[PDB]
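For reference, protein.cif (mmCIF, C-alpha atoms and all ligand atoms):
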```
data_run
loop_
_atom_site.group_PDB
_atom_site.id
_atom_site.type_symbol
_atom_site.label_atom_id
_atom_site.label_comp_id
_atom_site.auth_asym_id
_atom_site.auth_seq_id
_atom_site.Cartn_x
_atom_site.Cartn_y
_atom_site.Cartn_z
ATOM 1 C CA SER E 1 318.373 146.813 45.595
ATOM 2 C CA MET E 2 315.698 148.836 43.807
ATOM 3 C CA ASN E 3 313.391 147.831 40.971
ATOM 4 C CA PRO E 4 314.288 149.134 37.513
ATOM 5 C CA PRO E 5 311.779 150.921 35.321
ATOM 6 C CA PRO E 6 309.660 148.348 33.485
ATOM 7 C CA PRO E 7 310.328 147.482 29.869
ATOM 8 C CA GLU E 8 309.032 149.902 27.297
ATOM 9 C CA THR E 9 305.377 149.422 26.245
ATOM 10 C CA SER E 10 304.940 152.694 24.338
ATOM 11 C CA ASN E 11 307.229 154.356 21.784
ATOM 12 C CA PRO E 12 305.630 156.442 19.067
ATOM 13 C CA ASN E 13 308.576 156.458 16.701
ATOM 14 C CA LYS E 14 308.980 152.675 16.775
ATOM 15 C CA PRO E 15 307.552 151.077 13.650
ATOM 16 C CA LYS E 16 304.688 148.785 14.456
ATOM 17 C CA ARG E 17 301.917 146.755 12.851
ATOM 18 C CA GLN E 18 298.944 144.581 13.398
ATOM 19 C CA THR E 19 299.333 141.226 11.682
ATOM 20 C CA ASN E 20 297.039 138.207 11.860
ATOM 21 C CA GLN E 21 299.871 136.413 13.670
ATOM 22 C CA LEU E 22 300.121 139.156 16.293
ATOM 23 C CA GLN E 23 296.311 139.036 16.712
ATOM 24 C CA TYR E 24 296.643 135.293 17.387
ATOM 25 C CA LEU E 25 299.416 135.961 19.906
ATOM 26 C CA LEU E 26 296.957 138.155 21.861
ATOM 27 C CA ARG E 27 293.649 136.323 21.384
ATOM 28 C CA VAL E 28 294.984 132.780 21.719
ATOM 29 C CA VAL E 29 298.489 132.687 23.191
ATOM 30 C CA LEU E 30 298.439 135.457 25.780
ATOM 31 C CA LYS E 31 294.811 134.799 26.713
ATOM 32 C CA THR E 32 295.517 131.095 27.289
ATOM 33 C CA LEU E 33 298.562 131.658 29.484
ATOM 34 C CA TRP E 34 297.056 134.601 31.385
ATOM 35 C CA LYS E 35 294.073 132.596 32.647
ATOM 36 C CA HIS E 36 296.163 129.643 33.823
ATOM 37 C CA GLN E 37 296.309 128.851 37.571
ATOM 38 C CA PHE E 38 300.114 129.348 37.469
ATOM 39 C CA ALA E 39 300.046 132.688 35.610
ATOM 40 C CA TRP E 40 300.138 135.005 38.615
ATOM 41 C CA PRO E 41 303.939 135.266 39.177
ATOM 42 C CA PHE E 42 304.313 136.179 35.509
ATOM 43 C CA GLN E 43 301.535 138.780 35.212
ATOM 44 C CA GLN E 44 303.715 141.787 36.079
ATOM 45 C CA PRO E 45 307.389 142.702 36.442
ATOM 46 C CA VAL E 46 309.210 140.901 39.202
ATOM 47 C CA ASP E 47 309.062 143.070 42.322
ATOM 48 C CA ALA E 48 312.516 142.317 43.700
ATOM 49 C CA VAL E 49 311.983 144.618 46.664
ATOM 50 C CA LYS E 50 308.779 143.016 47.936
ATOM 51 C CA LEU E 51 310.088 139.503 47.208
ATOM 52 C CA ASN E 52 313.445 140.289 48.875
ATOM 53 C CA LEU E 53 315.533 139.380 45.835
ATOM 54 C CA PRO E 54 318.155 142.133 45.850
ATOM 55 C CA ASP E 55 320.200 140.159 43.338
ATOM 56 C CA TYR E 56 317.391 139.673 40.808
ATOM 57 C CA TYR E 57 318.087 142.657 38.544
ATOM 58 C CA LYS E 58 321.799 142.201 39.013
ATOM 59 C CA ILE E 59 321.455 138.750 37.385
ATOM 60 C CA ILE E 60 318.525 139.316 34.996
ATOM 61 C CA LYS E 61 319.504 142.037 32.550
ATOM 62 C CA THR E 62 316.668 141.544 30.058
ATOM 63 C CA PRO E 63 313.561 141.319 32.252
ATOM 64 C CA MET E 64 310.222 140.401 30.753
ATOM 65 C CA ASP E 65 306.780 139.423 31.993
ATOM 66 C CA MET E 66 303.283 138.848 30.601
ATOM 67 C CA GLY E 67 301.966 142.152 31.947
ATOM 68 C CA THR E 68 304.434 143.887 29.679
ATOM 69 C CA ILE E 69 303.643 141.559 26.778
ATOM 70 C CA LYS E 70 299.905 142.146 27.302
ATOM 71 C CA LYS E 71 300.379 145.933 27.138
ATOM 72 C CA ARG E 72 302.624 145.604 24.091
ATOM 73 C CA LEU E 73 300.001 143.542 22.269
ATOM 74 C CA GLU E 74 297.151 145.824 23.355
ATOM 75 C CA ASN E 75 299.164 148.838 22.209
ATOM 76 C CA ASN E 76 300.133 147.173 18.914
ATOM 77 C CA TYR E 77 303.775 147.823 19.896
ATOM 78 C CA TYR E 78 305.325 145.012 17.880
ATOM 79 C CA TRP E 79 306.431 144.906 14.254
ATOM 80 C CA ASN E 80 306.144 141.145 13.920
ATOM 81 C CA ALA E 81 305.259 137.901 15.680
ATOM 82 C CA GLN E 82 308.915 136.972 16.201
ATOM 83 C CA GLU E 83 309.407 140.018 18.460
ATOM 84 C CA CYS E 84 306.550 138.906 20.699
ATOM 85 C CA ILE E 85 307.577 135.232 20.700
ATOM 86 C CA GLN E 86 311.031 136.394 21.776
ATOM 87 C CA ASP E 87 309.526 138.258 24.751
ATOM 88 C CA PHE E 88 307.800 135.064 25.944
ATOM 89 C CA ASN E 89 311.007 133.065 25.546
ATOM 90 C CA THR E 90 312.977 135.708 27.412
ATOM 91 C CA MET E 91 310.457 135.538 30.244
ATOM 92 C CA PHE E 92 310.770 131.779 30.613
ATOM 93 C CA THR E 93 314.550 131.797 30.225
ATOM 94 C CA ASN E 94 314.966 134.443 32.938
ATOM 95 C CA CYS E 95 312.986 132.225 35.306
ATOM 96 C CA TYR E 96 315.167 129.213 34.551
ATOM 97 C CA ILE E 97 318.365 131.236 34.878
ATOM 98 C CA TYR E 98 317.474 132.720 38.256
ATOM 99 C CA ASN E 99 315.972 129.636 39.928
ATOM 100 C CA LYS E 100 316.887 125.958 40.264
ATOM 101 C CA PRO E 101 315.334 122.794 38.852
ATOM 102 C CA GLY E 102 312.181 121.651 40.544
ATOM 103 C CA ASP E 103 311.539 124.947 42.349
ATOM 104 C CA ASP E 104 307.822 125.788 42.428
ATOM 105 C CA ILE E 105 308.329 128.790 40.150
ATOM 106 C CA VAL E 106 310.180 126.642 37.617
ATOM 107 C CA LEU E 107 307.383 124.050 37.592
ATOM 108 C CA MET E 108 304.954 126.929 37.011
ATOM 109 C CA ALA E 109 307.025 128.320 34.120
ATOM 110 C CA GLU E 110 307.325 124.827 32.616
ATOM 111 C CA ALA E 111 303.544 124.385 32.612
ATOM 112 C CA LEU E 112 302.982 127.758 30.931
ATOM 113 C CA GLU E 113 305.796 127.130 28.449
ATOM 114 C CA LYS E 114 304.311 123.784 27.416
ATOM 115 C CA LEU E 115 301.043 125.520 26.541
ATOM 116 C CA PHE E 116 302.920 128.356 24.820
ATOM 117 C CA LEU E 117 304.687 125.844 22.606
ATOM 118 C CA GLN E 118 301.453 124.031 21.809
ATOM 119 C CA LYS E 119 299.838 127.289 20.736
ATOM 120 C CA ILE E 120 302.842 128.582 18.712
ATOM 121 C CA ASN E 121 302.864 125.274 16.850
ATOM 122 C CA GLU E 122 299.528 126.412 15.423
ATOM 123 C CA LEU E 123 300.536 129.972 14.568
ATOM 124 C CA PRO E 124 298.663 130.939 11.386
ATOM 125 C CA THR E 125 300.451 131.707 8.159
ATOM 126 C CA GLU E 126 300.765 135.464 7.734
ATOM 127 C CA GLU E 127 297.927 136.952 5.677
HETATM 128 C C1 LIG J 1 306.913 129.787 44.785
HETATM 129 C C2 LIG J 1 306.864 131.239 45.080
HETATM 130 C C3 LIG J 1 307.372 131.638 46.328
HETATM 131 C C4 LIG J 1 307.407 132.983 46.713
HETATM 132 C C5 LIG J 1 306.907 133.970 45.867
HETATM 133 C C6 LIG J 1 306.405 133.601 44.597
HETATM 134 O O1 LIG J 1 305.880 134.593 43.815
HETATM 135 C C7 LIG J 1 306.645 135.144 42.841
HETATM 136 N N1 LIG J 1 306.193 136.261 42.237
HETATM 137 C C8 LIG J 1 306.914 136.866 41.255
HETATM 138 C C9 LIG J 1 308.156 136.339 40.896
HETATM 139 C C10 LIG J 1 308.610 135.143 41.529
HETATM 140 C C11 LIG J 1 309.876 134.559 41.225
HETATM 141 C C12 LIG J 1 310.540 134.532 39.982
HETATM 142 C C13 LIG J 1 310.149 134.930 38.681
HETATM 143 C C14 LIG J 1 308.794 134.954 38.283
HETATM 144 C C15 LIG J 1 308.423 135.311 36.975
HETATM 145 C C16 LIG J 1 309.419 135.600 36.036
HETATM 146 F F1 LIG J 1 309.098 135.934 34.808
HETATM 147 C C17 LIG J 1 310.772 135.546 36.413
HETATM 148 C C18 LIG J 1 311.136 135.204 37.713
HETATM 149 N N2 LIG J 1 311.733 133.925 40.128
HETATM 150 C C19 LIG J 1 311.833 133.598 41.419
HETATM 151 N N3 LIG J 1 310.731 133.961 42.112
HETATM 152 C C20 LIG J 1 310.568 133.738 43.540
HETATM 153 C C21 LIG J 1 311.426 134.645 44.456
HETATM 154 C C22 LIG J 1 311.226 134.276 45.946
HETATM 155 N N4 LIG J 1 311.548 132.855 46.191
HETATM 156 C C23 LIG J 1 310.725 131.943 45.370
HETATM 157 C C24 LIG J 1 310.856 132.237 43.852
HETATM 158 N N5 LIG J 1 307.830 134.603 42.504
HETATM 159 C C25 LIG J 1 306.362 132.244 44.189
HETATM 160 C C26 LIG J 1 305.803 131.912 42.855
#
```
Transcribe the structure of this file into structure tokens.
Ligand SMILES: Cc1cccc(Oc2nccc(-c3c(-c4ccc(F)cc4)ncn3C3CCNCC3)n2)c1C
Amino acid sequence: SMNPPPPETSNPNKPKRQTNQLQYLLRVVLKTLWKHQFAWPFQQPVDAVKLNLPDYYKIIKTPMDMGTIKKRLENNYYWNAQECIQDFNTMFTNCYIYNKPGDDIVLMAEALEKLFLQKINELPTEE
């Protein structure tokens, strides 16, 4: 079972913006999760070949990872904060769907998600 192409990070005809909320999602949210000791499995698309998970992309039909989110934010790919928040939530949900409670990867996702939620709680009002 092969790896699919990664999610889109560039699309010139897609409408996109910089908003103060999206700037916060890069400078605070992404930066905080990316530096965490448990970030590494989430910093790029899941390599189902190298990890020997031939079922991964048969089960996970909306893949997402922080490498992709990082490129999207750096490329100003998003229209709004909700689109980016959805990508994070998709990432965590995929992990919980594929794995089982108490697995190392789930504990790692849970730690990152706790911080994500703490930072989103302080999302600035749009300017
Ligand atoms: C605990 C462990 C053991 C073996 C390899 C690992 O590294 C790793 N790297 C990328 C993805 C995953 C991963 C995800 C994963 C990671 C990020 C994501 F966004 C979605 C799924 N879901 C399950 N795994 C592994 C597959 C092999 N058996 C252990 C669990 N794990 C990890 C950490």
Nearest to ligand LIG 1 (chain J), chosen from E:21, E:52, E:68, E:76, with all atoms listed in the file counted in the distances: E:52
Applying the PyMOL selection byres (((chain E and resi 30) around 12) and not hetatm) to the file I just gave you, which residues come out? Please list them as JSON, numbers by chain. {"E": [22, 23, 24, 25, 26, 27, 28, 29, 31, 32, 33, 34, 35, 36, 39, 42, 43, 65, 66, 67, 68, 69, 70, 71, 72, 73, 74, 84, 85, 87, 88, 112, 113, 115, 116, 117, 119, 120]}
Do you know which residues are within 12 Å of ligand LIG 1 (chain J) using all atoms listed in the file? Can you write them as a PDB file with C-alpha atoms, keeping the file's coordinate frame?
```pdb
ATOM      1  CA  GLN E  37     296.309 128.851  37.571  1.00  0.00           C
ATOM      2  CA  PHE E  38     300.114 129.348  37.469  1.00  0.00           C
ATOM      3  CA  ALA E  39     300.046 132.688  35.610  1.00  0.00           C
ATOM      4  CA  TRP E  40     300.138 135.005  38.615  1.00  0.00           C
ATOM      5  CA  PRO E  41     303.939 135.266  39.177  1.00  0.00           C
ATOM      6  CA  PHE E  42     304.313 136.179  35.509  1.00  0.00           C
ATOM      7  CA  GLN E  43     301.535 138.780  35.212  1.00  0.00           C
ATOM      8  CA  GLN E  44     303.715 141.787  36.079  1.00  0.00           C
ATOM      9  CA  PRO E  45     307.389 142.702  36.442  1.00  0.00           C
ATOM     10  CA  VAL E  46     309.210 140.901  39.202  1.00  0.00           C
ATOM     11  CA  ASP E  47     309.062 143.070  42.322  1.00  0.00           C
ATOM     12  CA  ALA E  48     312.516 142.317  43.700  1.00  0.00           C
ATOM     13  CA  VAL E  49     311.983 144.618  46.664  1.00  0.00           C
ATOM     14  CA  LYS E  50     308.779 143.016  47.936  1.00  0.00           C
ATOM     15  CA  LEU E  51     310.088 139.503  47.208  1.00  0.00           C
ATOM     16  CA  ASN E  52     313.445 140.289  48.875  1.00  0.00           C
ATOM     17  CA  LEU E  53     315.533 139.380  45.835  1.00  0.00           C
ATOM     18  CA  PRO E  54     318.155 142.133  45.850  1.00  0.00           C
ATOM     19  CA  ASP E  55     320.200 140.159  43.338  1.00  0.00           C
ATOM     20  CA  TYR E  56     317.391 139.673  40.808  1.00  0.00           C
ATOM     21  CA  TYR E  57     318.087 142.657  38.544  1.00  0.00           C
ATOM     22  CA  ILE E  59     321.455 138.750  37.385  1.00  0.00           C
ATOM     23  CA  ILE E  60     318.525 139.316  34.996  1.00  0.00           C
ATOM     24  CA  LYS E  61     319.504 142.037  32.550  1.00  0.00           C
ATOM     25  CA  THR E  62     316.668 141.544  30.058  1.00  0.00           C
ATOM     26  CA  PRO E  63     313.561 141.319  32.252  1.00  0.00           C
ATOM     27  CA  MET E  64     310.222 140.401  30.753  1.00  0.00           C
ATOM     28  CA  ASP E  65     306.780 139.423  31.993  1.00  0.00           C
ATOM     29  CA  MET E  66     303.283 138.848  30.601  1.00  0.00           C
ATOM     30  CA  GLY E  67     301.966 142.152  31.947  1.00  0.00           C
ATOM     31  CA  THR E  68     304.434 143.887  29.679  1.00  0.00           C
ATOM     32  CA  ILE E  69     303.643 141.559  26.778  1.00  0.00           C
ATOM     33  CA  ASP E  87     309.526 138.258  24.751  1.00  0.00           C
ATOM     34  CA  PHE E  88     307.800 135.064  25.944  1.00  0.00           C
ATOM     35  CA  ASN E  89     311.007 133.065  25.546  1.00  0.00           C
ATOM     36  CA  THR E  90     312.977 135.708  27.412  1.00  0.00           C
ATOM     37  CA  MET E  91     310.457 135.538  30.244  1.00  0.00           C
ATOM     38  CA  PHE E  92     310.770 131.779  30.613  1.00  0.00           C
ATOM     39  CA  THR E  93     314.550 131.797  30.225  1.00  0.00           C
ATOM     40  CA  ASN E  94     314.966 134.443  32.938  1.00  0.00           C
ATOM     41  CA  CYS E  95     312.986 132.225  35.306  1.00  0.00           C
ATOM     42  CA  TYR E  96     315.167 129.213  34.551  1.00  0.00           C
ATOM     43  CA  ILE E  97     318.365 131.236  34.878  1.00  0.00           C
ATOM     44  CA  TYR E  98     317.474 132.720  38.256  1.00  0.00           C
ATOM     45  CA  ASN E  99     315.972 129.636  39.928  1.00  0.00           C
ATOM     46  CA  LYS E 100     316.887 125.958  40.264  1.00  0.00           C
ATOM     47  CA  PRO E 101     315.334 122.794  38.852  1.00  0.00           C
ATOM     48  CA  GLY E 102     312.181 121.651  40.544  1.00  0.00           C
ATOM     49  CA  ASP E 103     311.539 124.947  42.349  1.00  0.00           C
ATOM     50  CA  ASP E 104     307.822 125.788  42.428  1.00  0.00           C
ATOM     51  CA  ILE E 105     308.329 128.790  40.150  1.00  0.00           C
ATOM     52  CA  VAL E 106     310.180 126.642  37.617  1.00  0.00           C
ATOM     53  CA  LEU E 107     307.383 124.050  37.592  1.00  0.00           C
ATOM     54  CA  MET E 108     304.954 126.929  37.011  1.00  0.00           C
ATOM     55  CA  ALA E 109     307.025 128.320  34.120  1.00  0.00           C
ATOM     56  CA  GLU E 110     307.325 124.827  32.616  1.00  0.00           C
ATOM     57  CA  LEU E 112     302.982 127.758  30.931  1.00  0.00           C
ATOM     58  CA  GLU E 113     305.796 127.130  28.449  1.00  0.00           C
TER      59      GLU E 113
END
```
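In this model, the gap between CA of residue 77 in chain E and CA of residue 123 in chain E comes to 18.9 Å.
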CA of residue 114 in chain E to CA of residue 80 in chain E, straight-line distance in Å: 22.1 Å
One-decimal distance in Å that lies between CA of residue 15 in chain E and CA of residue 82 in chain E: 14.4 Å
Adding 5 Å on each side of the box along x, y and z that holds all listed atoms of range 37-41 of chain E, could you give its centre and edge lengths in Å to one decimal, as lines of an AutoDock Vina configuration file?
```
center_x = 300.1
center_y = 132.1
center_z = 37.4
size_x = 17.6
size_y = 16.4
size_z = 13.6
```
